[PDB]
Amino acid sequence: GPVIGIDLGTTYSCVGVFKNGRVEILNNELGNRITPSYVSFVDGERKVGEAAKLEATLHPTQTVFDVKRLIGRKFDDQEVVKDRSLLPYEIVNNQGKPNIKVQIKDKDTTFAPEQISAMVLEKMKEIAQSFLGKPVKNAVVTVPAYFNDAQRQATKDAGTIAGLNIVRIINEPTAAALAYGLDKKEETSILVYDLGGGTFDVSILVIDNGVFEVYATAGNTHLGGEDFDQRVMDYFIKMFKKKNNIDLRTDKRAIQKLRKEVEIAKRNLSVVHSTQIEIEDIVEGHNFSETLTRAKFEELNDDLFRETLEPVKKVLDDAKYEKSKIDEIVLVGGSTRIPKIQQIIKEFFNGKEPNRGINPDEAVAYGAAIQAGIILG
């Protein structure tokens, strides 16, 4: 039967199939190749993906996301304590493990992380089933290289709930290396720099005659594109207050509209130097109309961009590597499209040019689908 490839990310998932010798990254029911990893429990309905994410503004306690931060961890882990103080939905201690508590028709309902991740996996399964016109029972699913056995098993258990046998767990750096087709012959050391919406991971991957080994990994669990958007949000909220005596934070719908336009503006500024951020009646009778330049975008985020080098230094130090010891730099995650990110990486490595894909958001799912193809022969 078919084996599909799923990137189960922190902020999103992505599903690919291997069919007639080509990988096809599949569109969800809204036409998007990336699906936000959100699940909403509002008014007796359960939504998964973009429709769930839209519930977060008005139903923040009922809109579950970032469950990958909890999966296979313990409630008292330092990282989980920090995530409970950041996340707006209730997290409870179930026999030492974090569980998610929501209401369904007013009833308290408690889910293991893998039950929420299963709902994401079921949606990816259904996309694949509709496209292949046949049932899917098997998948390759990606994990972070730093995932321990409990985190990998909880991910497999998410698959089993979704009716997917996870025939192989591959780490995200290996998935990237397969996607970019890095030559498997002889020995190659690769720096995989993965800057997503919520998280930053960097790994040293060694490929030795077809055998992939991650020699070192480091990152920042709370550094991604969402943080760069928030820096912009913060600035324009201060400016709108200075000019108009309106604090946009007092209206959650206004903040939601601004965040959508700021995200688009950031993406524009990876290509152009100046963009307009425009919302008619951001509150009643008050338009939002601003210009953001690439220079000001960079100025607002310079410290966060340069923070990404701290984990790069750590993996080189952990592996006892010279910068020169790295043979190729590979970028994954949509945030690696920011020109300043590529410049800083290039300059840290004493001029060396990074390799970057053209669809860096899909590279991991693409490699998972390649691994599916490899397993079927």
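From 1 onward, residues are counted along the sequence shown.
**Student:** Quick one: higher average CA temperature factor, 316 to 324 or 42 to 50?
**Tutor:** Stretch with the higher mean C-alpha B-factor: 316 to 324.
**Student:** Pick between 227 to 235 and 137 to 145: the one whose mean CA B-factor in the entry is higher.
**Tutor:** Of 137 to 145 and 227 to 235, the stretch with the higher C-alpha B-factor average is 137 to 145.
**Student:** Among the candidates 188, 109, 301, 287, give the one with the maximum CA B-factor reported in the record.
**Tutor:** Highest CA B-factor of the listed options: 188.
**Student:** From 338, 64, 70, 30, which pick has the Cα B-factor that tops the rest in the entry?
**Tutor:** If I rank 338, 64, 70, 30 by C-alpha B-factor, first place goes to 30.
**Student:** Hey, what third does residue 164 fall into on Cα B-factor, ranked over its chain?
**Tutor:** Ranked within chain, residue 164 CA B lands in the highest tercile.
**Student:** Going by the entry, which third of its chain does the Cα temperature factor of residue 307 land in?
**Tutor:** Middle third, going by the recorded CA B-factors of the chain.
**Student:** When the deposited Cα B-factors of this chain's modelled residues are ordered and cut into thirds, is residue 114 in the lowest, the middle or the highest one?
**Tutor:** Ranked within chain, residue 114 CA B lands in the middle tercile.
**Student:** Consider only the C-alpha atoms of the modelled residues in this chain, order them by B-factor as the entry records it, and name the third containing residue 343: lowest, middle or highest.
**Tutor:** Highest third - that is where residue 343 ends up once the chain's C-alpha B-factors are sorted.
**Student:** Ordered by C-alpha B-factor within the chain, which third holds residue 132? Give me lowest, middle or highest, please.
**Tutor:** For residue 132, the deposited C-alpha B-factor lands in the highest third.
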